[PDB]
>>> print(open('upload09.cif').read())   # mmCIF, C-alpha atoms and all ligand atoms
data_start
loop_
_atom_site.group_PDB
_atom_site.id
_atom_site.type_symbol
_atom_site.label_atom_id
_atom_site.label_comp_id
_atom_site.auth_asym_id
_atom_site.auth_seq_id
_atom_site.Cartn_x
_atom_site.Cartn_y
_atom_site.Cartn_z
ATOM 1 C CA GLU A 1 -20.944 -8.071 -8.735
ATOM 2 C CA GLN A 2 -21.072 -7.484 -4.990
ATOM 3 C CA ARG A 3 -17.269 -7.469 -5.056
ATOM 4 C CA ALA A 4 -17.000 -4.574 -7.488
ATOM 5 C CA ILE A 5 -19.634 -2.741 -5.509
ATOM 6 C CA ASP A 6 -17.520 -3.044 -2.380
ATOM 7 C CA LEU A 7 -14.590 -1.498 -4.204
ATOM 8 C CA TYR A 8 -16.558 1.443 -5.567
ATOM 9 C CA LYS A 9 -17.902 1.738 -2.033
ATOM 10 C CA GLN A 10 -14.410 1.943 -0.550
ATOM 11 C CA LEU A 11 -13.691 4.575 -3.202
ATOM 12 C CA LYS A 12 -15.979 7.271 -1.828
ATOM 13 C CA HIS A 13 -16.595 6.277 1.779
ATOM 14 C CA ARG A 14 -12.870 5.702 2.255
ATOM 15 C CA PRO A 15 -11.066 8.132 4.606
ATOM 16 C CA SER A 16 -11.320 11.227 2.406
ATOM 17 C CA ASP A 17 -10.182 11.476 -1.220
ATOM 18 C CA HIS A 18 -9.027 13.971 -3.859
ATOM 19 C CA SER A 19 -5.579 12.359 -3.645
ATOM 20 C CA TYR A 20 -6.003 8.574 -3.511
ATOM 21 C CA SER A 21 -3.987 7.047 -6.351
ATOM 22 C CA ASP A 22 -4.602 3.359 -7.050
ATOM 23 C CA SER A 23 -6.476 0.980 -9.359
ATOM 24 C CA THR A 24 -4.714 -2.387 -9.372
ATOM 25 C CA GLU A 25 -7.260 -3.875 -6.992
ATOM 26 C CA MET A 26 -10.199 -3.339 -9.328
ATOM 27 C CA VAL A 27 -8.400 -5.455 -11.908
ATOM 28 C CA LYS A 28 -9.357 -8.368 -9.679
ATOM 29 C CA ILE A 29 -13.133 -8.251 -9.974
ATOM 30 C CA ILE A 30 -12.753 -7.152 -13.588
ATOM 31 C CA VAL A 31 -10.883 -10.151 -14.942
ATOM 32 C CA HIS A 32 -12.873 -12.710 -12.951
ATOM 33 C CA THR A 33 -16.256 -11.516 -14.188
ATOM 34 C CA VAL A 34 -15.040 -11.787 -17.764
ATOM 35 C CA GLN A 35 -13.929 -15.396 -17.381
ATOM 36 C CA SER A 36 -17.106 -16.409 -15.582
ATOM 37 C CA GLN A 37 -19.191 -14.638 -18.214
ATOM 38 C CA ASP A 38 -17.945 -16.388 -21.346
ATOM 39 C CA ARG A 39 -17.939 -19.694 -19.477
ATOM 40 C CA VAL A 40 -21.590 -19.940 -18.469
ATOM 41 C CA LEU A 41 -22.512 -17.826 -21.475
ATOM 42 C CA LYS A 42 -21.843 -20.303 -24.256
ATOM 43 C CA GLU A 43 -22.647 -22.938 -21.646
ATOM 44 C CA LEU A 44 -26.197 -21.652 -21.432
ATOM 45 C CA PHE A 45 -26.550 -21.922 -25.193
ATOM 46 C CA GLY A 46 -25.436 -25.511 -24.923
ATOM 47 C CA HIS A 47 -28.154 -26.531 -22.479
ATOM 48 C CA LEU A 48 -30.427 -24.638 -24.863
ATOM 49 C CA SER A 49 -29.412 -26.421 -28.043
ATOM 50 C CA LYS A 50 -31.059 -29.535 -26.632
ATOM 51 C CA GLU B 1 17.093 4.263 6.387
ATOM 52 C CA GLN B 2 14.386 1.645 5.866
ATOM 53 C CA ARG B 3 12.438 3.381 8.625
ATOM 54 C CA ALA B 4 12.286 6.748 6.900
ATOM 55 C CA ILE B 5 11.363 4.991 3.659
ATOM 56 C CA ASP B 6 8.400 3.400 5.399
ATOM 57 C CA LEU B 7 7.205 6.837 6.528
ATOM 58 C CA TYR B 8 7.492 8.426 3.099
ATOM 59 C CA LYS B 9 5.736 5.304 1.868
ATOM 60 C CA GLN B 10 2.844 5.826 4.276
ATOM 61 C CA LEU B 11 2.753 9.401 3.056
ATOM 62 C CA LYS B 12 1.560 8.668 -0.467
ATOM 63 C CA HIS B 13 0.056 5.178 -0.302
ATOM 64 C CA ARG B 14 -1.872 6.176 2.819
ATOM 65 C CA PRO B 15 -5.705 6.415 2.577
ATOM 66 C CA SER B 16 -5.893 9.516 0.363
ATOM 67 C CA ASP B 17 -4.270 12.854 1.196
ATOM 68 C CA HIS B 18 -4.562 16.513 0.171
ATOM 69 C CA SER B 19 -5.225 17.407 3.814
ATOM 70 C CA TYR B 20 -3.351 14.961 6.057
ATOM 71 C CA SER B 21 -1.593 17.248 8.517
ATOM 72 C CA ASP B 22 1.203 15.683 10.580
ATOM 73 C CA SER B 23 4.999 15.479 10.856
ATOM 74 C CA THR B 24 5.945 14.636 14.445
ATOM 75 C CA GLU B 25 6.532 10.979 13.544
ATOM 76 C CA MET B 26 9.286 11.727 11.034
ATOM 77 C CA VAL B 27 11.208 13.433 13.850
ATOM 78 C CA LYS B 28 11.849 9.913 15.115
ATOM 79 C CA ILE B 29 13.944 8.548 12.244
ATOM 80 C CA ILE B 30 15.500 11.981 11.795
ATOM 81 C CA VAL B 31 17.051 12.353 15.244
ATOM 82 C CA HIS B 32 18.193 8.732 15.484
ATOM 83 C CA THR B 33 20.106 8.778 12.202
ATOM 84 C CA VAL B 34 21.977 11.888 13.332
ATOM 85 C CA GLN B 35 23.145 10.340 16.601
ATOM 86 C CA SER B 36 24.164 7.081 14.935
ATOM 87 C CA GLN B 37 25.985 9.027 12.237
ATOM 88 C CA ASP B 38 28.342 11.096 14.369
ATOM 89 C CA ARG B 39 28.925 8.070 16.591
ATOM 90 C CA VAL B 40 30.304 5.595 14.065
ATOM 91 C CA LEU B 41 31.585 8.499 11.976
ATOM 92 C CA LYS B 42 34.429 9.701 14.210
ATOM 93 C CA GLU B 43 34.581 6.078 15.372
ATOM 94 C CA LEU B 44 35.586 4.990 11.876
ATOM 95 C CA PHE B 45 38.398 7.565 11.848
ATOM 96 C CA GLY B 46 39.619 6.106 15.119
ATOM 97 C CA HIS B 47 39.985 2.568 13.784
ATOM 98 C CA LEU B 48 41.675 4.290 10.839
ATOM 99 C CA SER B 49 44.208 6.284 12.849
ATOM 100 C CA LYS B 50 45.869 2.990 13.742
HETATM 101 O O1 LIG C 101 -5.277 -13.233 -3.083
HETATM 102 S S1 LIG C 101 -4.964 -12.640 -4.435
HETATM 103 O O2 LIG C 101 -5.856 -11.452 -4.680
HETATM 104 O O3 LIG C 101 -3.522 -12.193 -4.460
HETATM 105 O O4 LIG C 101 -5.187 -13.678 -5.520
HETATM 106 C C1 LIG C 101 -6.538 -14.108 -5.594
HETATM 107 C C2 LIG C 101 -6.632 -15.586 -5.213
HETATM 108 O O5 LIG C 101 -6.293 -15.740 -3.844
HETATM 109 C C3 LIG C 101 -8.046 -16.133 -5.465
HETATM 110 O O6 LIG C 101 -8.049 -17.537 -5.238
HETATM 111 S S2 LIG C 101 -8.853 -17.933 -4.018
HETATM 112 O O7 LIG C 101 -8.236 -17.329 -2.781
HETATM 113 O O8 LIG C 101 -10.271 -17.443 -4.166
HETATM 114 O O9 LIG C 101 -8.857 -19.434 -3.891
HETATM 115 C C4 LIG C 101 -8.472 -15.840 -6.911
HETATM 116 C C5 LIG C 101 -9.902 -16.284 -7.244
HETATM 117 O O10 LIG C 101 -10.836 -15.241 -6.955
HETATM 118 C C6 LIG C 101 -12.104 -15.378 -7.510
HETATM 119 O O11 LIG C 101 -12.070 -15.282 -8.954
HETATM 120 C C7 LIG C 101 -11.713 -16.520 -9.623
HETATM 121 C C8 LIG C 101 -11.644 -16.236 -11.116
HETATM 122 O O12 LIG C 101 -10.909 -17.245 -11.792
HETATM 123 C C9 LIG C 101 -11.225 -17.399 -13.129
HETATM 124 O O13 LIG C 101 -10.036 -17.183 -13.899
HETATM 125 C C10 LIG C 101 -8.949 -18.042 -13.493
HETATM 126 C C11 LIG C 101 -7.732 -17.650 -14.305
HETATM 127 O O14 LIG C 101 -6.570 -18.310 -13.830
HETATM 128 C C12 LIG C 101 -9.334 -19.513 -13.688
HETATM 129 O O15 LIG C 101 -8.299 -20.347 -13.191
HETATM 130 C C13 LIG C 101 -10.639 -19.821 -12.938
HETATM 131 O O16 LIG C 101 -11.061 -21.151 -13.217
HETATM 132 S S3 LIG C 101 -11.218 -21.985 -11.960
HETATM 133 O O17 LIG C 101 -9.920 -21.994 -11.190
HETATM 134 O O18 LIG C 101 -12.307 -21.401 -11.096
HETATM 135 O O19 LIG C 101 -11.587 -23.397 -12.337
HETATM 136 C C14 LIG C 101 -11.734 -18.839 -13.367
HETATM 137 O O20 LIG C 101 -12.909 -19.066 -12.604
HETATM 138 S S4 LIG C 101 -14.177 -18.899 -13.422
HETATM 139 O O21 LIG C 101 -14.149 -19.832 -14.611
HETATM 140 O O22 LIG C 101 -15.372 -19.232 -12.560
HETATM 141 O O23 LIG C 101 -14.289 -17.475 -13.905
HETATM 142 C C15 LIG C 101 -12.726 -17.607 -9.290
HETATM 143 O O24 LIG C 101 -12.462 -18.781 -10.041
HETATM 144 C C16 LIG C 101 -12.602 -17.909 -7.813
HETATM 145 O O25 LIG C 101 -13.552 -18.905 -7.448
HETATM 146 C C17 LIG C 101 -12.878 -16.631 -6.996
HETATM 147 O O26 LIG C 101 -12.558 -16.866 -5.638
HETATM 148 O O27 LIG C 101 -8.398 -14.413 -7.162
HETATM 149 C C18 LIG C 101 -7.069 -13.889 -7.035
HETATM 150 O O28 LIG C 101 -6.248 -14.539 -7.936
HETATM 151 O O1 LIG C 102 10.085 3.165 25.727
HETATM 152 S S1 LIG C 102 8.928 3.631 24.876
HETATM 153 O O2 LIG C 102 8.576 2.560 23.877
HETATM 154 O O3 LIG C 102 7.736 3.893 25.762
HETATM 155 O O4 LIG C 102 9.301 4.906 24.144
HETATM 156 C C1 LIG C 102 10.428 4.743 23.293
HETATM 157 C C2 LIG C 102 11.570 5.650 23.770
HETATM 158 O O5 LIG C 102 12.061 5.175 25.011
HETATM 159 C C3 LIG C 102 12.710 5.695 22.747
HETATM 160 O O6 LIG C 102 13.692 6.634 23.165
HETATM 161 S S2 LIG C 102 15.010 5.977 23.503
HETATM 162 O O7 LIG C 102 14.826 5.039 24.668
HETATM 163 O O8 LIG C 102 15.514 5.204 22.310
HETATM 164 O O9 LIG C 102 16.013 7.038 23.871
HETATM 165 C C4 LIG C 102 12.140 6.102 21.395
HETATM 166 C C5 LIG C 102 13.183 6.224 20.291
HETATM 167 O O10 LIG C 102 13.832 4.990 20.034
HETATM 168 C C6 LIG C 102 14.271 4.866 18.731
HETATM 169 O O11 LIG C 102 15.677 5.170 18.670
HETATM 170 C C7 LIG C 102 16.504 4.234 19.406
HETATM 171 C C8 LIG C 102 17.950 4.713 19.292
HETATM 172 O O12 LIG C 102 18.191 5.879 20.072
HETATM 173 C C9 LIG C 102 18.895 6.865 19.409
HETATM 174 O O13 LIG C 102 18.276 8.128 19.671
HETATM 175 C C10 LIG C 102 18.255 8.454 21.077
HETATM 176 C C11 LIG C 102 17.437 9.725 21.237
HETATM 177 O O14 LIG C 102 17.432 10.172 22.586
HETATM 178 C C12 LIG C 102 19.685 8.615 21.602
HETATM 179 O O15 LIG C 102 19.658 8.895 22.994
HETATM 180 C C13 LIG C 102 20.498 7.341 21.353
HETATM 181 O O16 LIG C 102 21.873 7.599 21.639
HETATM 182 S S3 LIG C 102 22.369 6.886 22.884
HETATM 183 O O17 LIG C 102 21.566 7.337 24.083
HETATM 184 O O18 LIG C 102 22.217 5.397 22.711
HETATM 185 O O19 LIG C 102 23.820 7.218 23.109
HETATM 186 C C14 LIG C 102 20.384 6.889 19.872
HETATM 187 O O20 LIG C 102 20.963 5.599 19.712
HETATM 188 S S4 LIG C 102 21.844 5.492 18.464
HETATM 189 O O21 LIG C 102 22.970 6.499 18.527
HETATM 190 O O22 LIG C 102 22.438 4.103 18.383
HETATM 191 O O23 LIG C 102 21.017 5.745 17.231
HETATM 192 C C15 LIG C 102 16.347 2.830 18.812
HETATM 193 O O24 LIG C 102 17.165 1.904 19.514
HETATM 194 C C16 LIG C 102 14.887 2.408 18.915
HETATM 195 O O25 LIG C 102 14.715 1.135 18.309
HETATM 196 C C17 LIG C 102 13.997 3.439 18.208
HETATM 197 O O26 LIG C 102 12.634 3.123 18.423
HETATM 198 O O27 LIG C 102 11.162 5.125 20.970
HETATM 199 C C18 LIG C 102 10.012 5.078 21.830
HETATM 200 O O28 LIG C 102 9.374 6.305 21.795
#
>>> encode(input="upload09.cif", output="structure tokens", more="lines below")
Ligand SMILES: O=S(=O)(O)O[C@@H]1[C@@H](O)[C@H](OS(=O)(=O)O)[C@@H](CO[C@H]2O[C@H](CO[C@H]3O[C@H](CO)[C@@H](O)[C@H](OS(=O)(=O)O)[C@H]3OS(=O)(=O)O)[C@@H](O)[C@H](O)[C@H]2O)O[C@@H]1O
Ligand SMILES: O=S(=O)(O)O[C@@H]1[C@@H](O)[C@H](OS(=O)(=O)O)[C@@H](CO[C@H]2O[C@H](CO[C@H]3O[C@H](CO)[C@@H](O)[C@H](OS(=O)(=O)O)[C@H]3OS(=O)(=O)O)[C@@H](O)[C@H](O)[C@H]2O)O[C@@H]1O
Amino acid sequence: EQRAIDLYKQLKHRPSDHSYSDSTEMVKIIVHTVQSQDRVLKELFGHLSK
Amino acid sequence: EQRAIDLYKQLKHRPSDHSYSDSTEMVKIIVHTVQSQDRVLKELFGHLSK
């Protein structure tokens, strides 16, 4: 979470804007959160089944 | 050549734009290429005359 925040932070506070073209970096935080989600997600249900 | 490329590269990929005012740096690569050109240019013709 904090990661994504840092990116959105470096999106406005970055040396000016209205021209910055990029987005590949965000992909990082994006993919990771997904993997982590589904992992502990169904995992939580497991420790709940008991 | 690679030099100039690096400058044009730091012209778009640089931290945003739509205001960045500068051009003195490019002068560098510009002048150098000219000198080198005319030097080996007529130089090539010399090694060709033979
Ligand atoms: O430096 S780059 O940006 O070019 O590449 C990054 C890597 O350097 C970085 O590895 S490291 O330097 O942190 O050691 C990784 C990891 O970043 C964080 O996010 C991953 C997310 O990984 C999830 O998805 C991958 C898919 O291949 C799985 O292999 C992970 O499983 S495992 O390896 O953790 O067992 C999976 O993790 S998850 O199940 O918890 O979601 C985290 O795993 C890392 O711990 C984080 O540091 O990011 C770029 O690739
Ligand atoms: O010494 S500092 O770091 O403080 O400042 C450097 C300057 O001294 C340097 O100027 S200079 O010493 O090279 O003349 C500049 C520019 O260097 C870059 O270009 C040279 C190649 O020089 C070419 O352009 C100069 C321009 O005056 C010509 O005089 C050269 O022709 S000649 O005098 O050799 O006959 C010309 O050489 S060339 O025909 O072979 O192209 C490169 O060697 C450097 O690597 C470049 O940085 O850089 C600092 O400001």
>>> axis_aligned_box(input="upload09.cif", around="stretch 36-40 of chain B", padding_each_side="4 Å", output="JSON")
{"center_x": 27.2, "center_y": 8.3, "center_z": 14.4, "size_x": 14.1, "size_y": 13.5, "size_z": 12.4}
>>> residues_near_ligand(input="upload09.cif", ligand="ligand LIG 102 (chain C)", cutoff="9 Å", atoms="all atoms listed in the file", output="ChimeraX atom specification")
/B:28-29,31-40
>>> closest_residue(input="upload09.cif", among="A:16, A:3, A:22, A:9", to="ligand LIG 101 (chain C)", atoms="only C-alpha atoms and all ligand atoms")
A:3
>>> resolve_selection(input="upload09.cif", expression="the PyMOL selection byres ((chain A) within 9 of (chain B))", output="list in words")
residues 14, 15, 16, 17, 18, 19, 20, 21 and 22 of chain A
>>> write_last_selection(input="upload09.cif", atoms="C-alpha atoms", output="mmCIF file, keeping the file's coordinate frame")
data_model
loop_
_atom_site.group_PDB
_atom_site.id
_atom_site.type_symbol
_atom_site.label_atom_id
_atom_site.label_comp_id
_atom_site.auth_asym_id
_atom_site.auth_seq_id
_atom_site.Cartn_x
_atom_site.Cartn_y
_atom_site.Cartn_z
ATOM 1 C CA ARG A 14 -12.870 5.702 2.255
ATOM 2 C CA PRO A 15 -11.066 8.132 4.606
ATOM 3 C CA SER A 16 -11.320 11.227 2.406
ATOM 4 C CA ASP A 17 -10.182 11.476 -1.220
ATOM 5 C CA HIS A 18 -9.027 13.971 -3.859
ATOM 6 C CA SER A 19 -5.579 12.359 -3.645
ATOM 7 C CA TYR A 20 -6.003 8.574 -3.511
ATOM 8 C CA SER A 21 -3.987 7.047 -6.351
ATOM 9 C CA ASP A 22 -4.602 3.359 -7.050
#
>>> atom_distance(input="upload09.cif", atom1="atom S4 of ligand LIG 101 (chain C)", atom2="atom CA of residue A:41")
11.6 Å
>>> atom_distance(input="upload09.cif", atom1="atom CA of residue A:47", atom2="atom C13 of ligand LIG 101 (chain C)")
21.0 Å
>>> residues_around(input="upload09.cif", residues="residue A:4", least_positions_apart="2", cutoff="10 Å", atoms="only C-alpha atoms", output="mmCIF file with C-alpha atoms, in the coordinates of the input")
data_model
loop_
_atom_site.group_PDB
_atom_site.id
_atom_site.type_symbol
_atom_site.label_atom_id
_atom_site.label_comp_id
_atom_site.auth_asym_id
_atom_site.auth_seq_id
_atom_site.Cartn_x
_atom_site.Cartn_y
_atom_site.Cartn_z
ATOM 1 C CA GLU A 1 -20.944 -8.071 -8.735
ATOM 2 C CA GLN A 2 -21.072 -7.484 -4.990
ATOM 3 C CA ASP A 6 -17.520 -3.044 -2.380
ATOM 4 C CA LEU A 7 -14.590 -1.498 -4.204
ATOM 5 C CA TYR A 8 -16.558 1.443 -5.567
ATOM 6 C CA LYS A 9 -17.902 1.738 -2.033
ATOM 7 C CA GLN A 10 -14.410 1.943 -0.550
ATOM 8 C CA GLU A 25 -7.260 -3.875 -6.992
ATOM 9 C CA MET A 26 -10.199 -3.339 -9.328
ATOM 10 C CA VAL A 27 -8.400 -5.455 -11.908
ATOM 11 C CA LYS A 28 -9.357 -8.368 -9.679
ATOM 12 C CA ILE A 29 -13.133 -8.251 -9.974
ATOM 13 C CA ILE A 30 -12.753 -7.152 -13.588
ATOM 14 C CA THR A 33 -16.256 -11.516 -14.188
#
>>> atom_distance(input="upload09.cif", atom1="atom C14 of ligand LIG 101 (chain C)", atom2="atom CA of residue A:5")
19.6 Å
>>> decode(input="upload09.cif", residues="stretch 14-50 of chain B", atoms="N, CA and C atoms", output="PDB file, in the first residue's frame")
ATOM      1  N   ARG B  14      12.928  13.045 -19.358  1.00  0.00           N
ATOM      2  CA  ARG B  14      13.276  13.872 -18.207  1.00  0.00           C
ATOM      3  C   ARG B  14      12.026  14.175 -17.392  1.00  0.00           C
ATOM      4  N   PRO B  15      12.197  14.430 -16.078  1.00  0.00           N
ATOM      5  CA  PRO B  15      11.101  14.737 -15.153  1.00  0.00           C
ATOM      6  C   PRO B  15      10.123  15.784 -15.685  1.00  0.00           C
ATOM      7  N   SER B  16       9.138  15.325 -16.452  1.00  0.00           N
ATOM      8  CA  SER B  16       8.122  16.201 -17.034  1.00  0.00           C
ATOM      9  C   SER B  16       8.743  17.281 -17.916  1.00  0.00           C
ATOM     10  N   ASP B  17       7.894  17.995 -18.647  1.00  0.00           N
ATOM     11  CA  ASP B  17       8.351  19.067 -19.525  1.00  0.00           C
ATOM     12  C   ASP B  17       7.290  20.159 -19.660  1.00  0.00           C
ATOM     13  N   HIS B  18       7.030  20.583 -20.894  1.00  0.00           N
ATOM     14  CA  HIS B  18       6.050  21.632 -21.155  1.00  0.00           C
ATOM     15  C   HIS B  18       6.438  22.942 -20.478  1.00  0.00           C
ATOM     16  N   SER B  19       7.742  23.184 -20.373  1.00  0.00           N
ATOM     17  CA  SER B  19       8.259  24.399 -19.752  1.00  0.00           C
ATOM     18  C   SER B  19       9.785  24.435 -19.762  1.00  0.00           C
ATOM     19  N   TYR B  20      10.399  23.268 -19.581  1.00  0.00           N
ATOM     20  CA  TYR B  20      11.854  23.146 -19.558  1.00  0.00           C
ATOM     21  C   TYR B  20      12.502  23.985 -20.650  1.00  0.00           C
ATOM     22  N   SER B  21      13.156  25.065 -20.240  1.00  0.00           N
ATOM     23  CA  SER B  21      13.816  25.957 -21.178  1.00  0.00           C
ATOM     24  C   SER B  21      15.329  25.811 -21.077  1.00  0.00           C
ATOM     25  N   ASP B  22      15.951  25.334 -22.153  1.00  0.00           N
ATOM     26  CA  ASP B  22      17.401  25.150 -22.193  1.00  0.00           C
ATOM     27  C   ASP B  22      17.816  24.623 -23.568  1.00  0.00           C
ATOM     28  N   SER B  23      19.084  24.809 -23.929  1.00  0.00           N
ATOM     29  CA  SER B  23      19.571  24.340 -25.219  1.00  0.00           C
ATOM     30  C   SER B  23      21.088  24.437 -25.361  1.00  0.00           C
ATOM     31  N   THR B  24      21.729  25.131 -24.429  1.00  0.00           N
ATOM     32  CA  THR B  24      23.174  25.306 -24.465  1.00  0.00           C
ATOM     33  C   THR B  24      23.951  23.991 -24.481  1.00  0.00           C
ATOM     34  N   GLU B  25      23.435  22.981 -23.791  1.00  0.00           N
ATOM     35  CA  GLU B  25      24.103  21.684 -23.729  1.00  0.00           C
ATOM     36  C   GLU B  25      24.260  21.032 -25.097  1.00  0.00           C
ATOM     37  N   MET B  26      23.188  21.040 -25.882  1.00  0.00           N
ATOM     38  CA  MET B  26      23.215  20.433 -27.206  1.00  0.00           C
ATOM     39  C   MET B  26      24.376  20.976 -28.038  1.00  0.00           C
ATOM     40  N   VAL B  27      24.674  22.261 -27.865  1.00  0.00           N
ATOM     41  CA  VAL B  27      25.753  22.912 -28.602  1.00  0.00           C
ATOM     42  C   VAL B  27      27.001  22.043 -28.576  1.00  0.00           C
ATOM     43  N   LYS B  28      27.218  21.392 -27.439  1.00  0.00           N
ATOM     44  CA  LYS B  28      28.363  20.515 -27.245  1.00  0.00           C
ATOM     45  C   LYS B  28      28.488  19.526 -28.402  1.00  0.00           C
ATOM     46  N   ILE B  29      27.646  18.500 -28.376  1.00  0.00           N
ATOM     47  CA  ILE B  29      27.643  17.461 -29.401  1.00  0.00           C
ATOM     48  C   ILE B  29      27.651  18.041 -30.816  1.00  0.00           C
ATOM     49  N   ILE B  30      26.894  19.113 -31.007  1.00  0.00           N
ATOM     50  CA  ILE B  30      26.794  19.755 -32.304  1.00  0.00           C
ATOM     51  C   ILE B  30      28.153  20.154 -32.866  1.00  0.00           C
ATOM     52  N   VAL B  31      28.844  21.044 -32.166  1.00  0.00           N
ATOM     53  CA  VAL B  31      30.139  21.532 -32.616  1.00  0.00           C
ATOM     54  C   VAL B  31      31.165  20.435 -32.839  1.00  0.00           C
ATOM     55  N   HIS B  32      31.258  19.504 -31.895  1.00  0.00           N
ATOM     56  CA  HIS B  32      32.227  18.416 -31.982  1.00  0.00           C
ATOM     57  C   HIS B  32      32.069  17.573 -33.241  1.00  0.00           C
ATOM     58  N   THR B  33      30.837  17.175 -33.536  1.00  0.00           N
ATOM     59  CA  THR B  33      30.575  16.358 -34.713  1.00  0.00           C
ATOM     60  C   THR B  33      31.033  17.041 -35.993  1.00  0.00           C
ATOM     61  N   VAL B  34      30.855  18.356 -36.050  1.00  0.00           N
ATOM     62  CA  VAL B  34      31.243  19.137 -37.218  1.00  0.00           C
ATOM     63  C   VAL B  34      32.751  19.037 -37.443  1.00  0.00           C
ATOM     64  N   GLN B  35      33.510  19.353 -36.401  1.00  0.00           N
ATOM     65  CA  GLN B  35      34.964  19.306 -36.462  1.00  0.00           C
ATOM     66  C   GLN B  35      35.450  17.923 -36.894  1.00  0.00           C
ATOM     67  N   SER B  36      34.965  16.895 -36.211  1.00  0.00           N
ATOM     68  CA  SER B  36      35.359  15.528 -36.514  1.00  0.00           C
ATOM     69  C   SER B  36      35.028  15.180 -37.959  1.00  0.00           C
ATOM     70  N   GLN B  37      33.867  15.635 -38.411  1.00  0.00           N
ATOM     71  CA  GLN B  37      33.419  15.368 -39.768  1.00  0.00           C
ATOM     72  C   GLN B  37      34.450  15.811 -40.791  1.00  0.00           C
ATOM     73  N   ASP B  38      34.573  17.124 -40.952  1.00  0.00           N
ATOM     74  CA  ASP B  38      35.500  17.704 -41.912  1.00  0.00           C
ATOM     75  C   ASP B  38      36.927  17.206 -41.779  1.00  0.00           C
ATOM     76  N   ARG B  39      37.295  16.716 -40.599  1.00  0.00           N
ATOM     77  CA  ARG B  39      38.652  16.224 -40.393  1.00  0.00           C
ATOM     78  C   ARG B  39      38.879  14.906 -41.125  1.00  0.00           C
ATOM     79  N   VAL B  40      38.126  13.885 -40.740  1.00  0.00           N
ATOM     80  CA  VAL B  40      38.259  12.576 -41.364  1.00  0.00           C
ATOM     81  C   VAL B  40      37.665  12.558 -42.769  1.00  0.00           C
ATOM     82  N   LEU B  41      36.819  13.540 -43.057  1.00  0.00           N
ATOM     83  CA  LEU B  41      36.179  13.638 -44.362  1.00  0.00           C
ATOM     84  C   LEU B  41      37.234  13.785 -45.454  1.00  0.00           C
ATOM     85  N   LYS B  42      37.864  14.956 -45.522  1.00  0.00           N
ATOM     86  CA  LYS B  42      38.901  15.205 -46.519  1.00  0.00           C
ATOM     87  C   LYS B  42      40.078  14.263 -46.294  1.00  0.00           C
ATOM     88  N   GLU B  43      40.162  13.707 -45.088  1.00  0.00           N
ATOM     89  CA  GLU B  43      41.226  12.771 -44.740  1.00  0.00           C
ATOM     90  C   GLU B  43      40.999  11.471 -45.496  1.00  0.00           C
ATOM     91  N   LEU B  44      39.737  11.066 -45.589  1.00  0.00           N
ATOM     92  CA  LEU B  44      39.373   9.848 -46.301  1.00  0.00           C
ATOM     93  C   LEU B  44      39.758   9.973 -47.778  1.00  0.00           C
ATOM     94  N   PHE B  45      39.470  11.132 -48.364  1.00  0.00           N
ATOM     95  CA  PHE B  45      39.793  11.389 -49.764  1.00  0.00           C
ATOM     96  C   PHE B  45      41.295  11.304 -49.989  1.00  0.00           C
ATOM     97  N   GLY B  46      42.064  11.682 -48.975  1.00  0.00           N
ATOM     98  CA  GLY B  46      43.509  11.622 -49.089  1.00  0.00           C
ATOM     99  C   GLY B  46      43.984  10.189 -49.243  1.00  0.00           C
ATOM    100  N   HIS B  47      43.568   9.326 -48.320  1.00  0.00           N
ATOM    101  CA  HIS B  47      43.944   7.918 -48.362  1.00  0.00           C
ATOM    102  C   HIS B  47      43.317   7.244 -49.572  1.00  0.00           C
ATOM    103  N   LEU B  48      42.490   7.989 -50.302  1.00  0.00           N
ATOM    104  CA  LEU B  48      41.827   7.471 -51.495  1.00  0.00           C
ATOM    105  C   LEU B  48      42.593   7.896 -52.738  1.00  0.00           C
ATOM    106  N   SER B  49      43.163   9.096 -52.683  1.00  0.00           N
ATOM    107  CA  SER B  49      43.927   9.645 -53.797  1.00  0.00           C
ATOM    108  C   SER B  49      45.009   8.663 -54.225  1.00  0.00           C
ATOM    109  N   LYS B  50      45.616   8.002 -53.247  1.00  0.00           N
ATOM    110  CA  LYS B  50      46.666   7.031 -53.519  1.00  0.00           C
ATOM    111  C   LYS B  50      46.073   5.787 -54.181  1.00  0.00           C
TER     112      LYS B  50
END
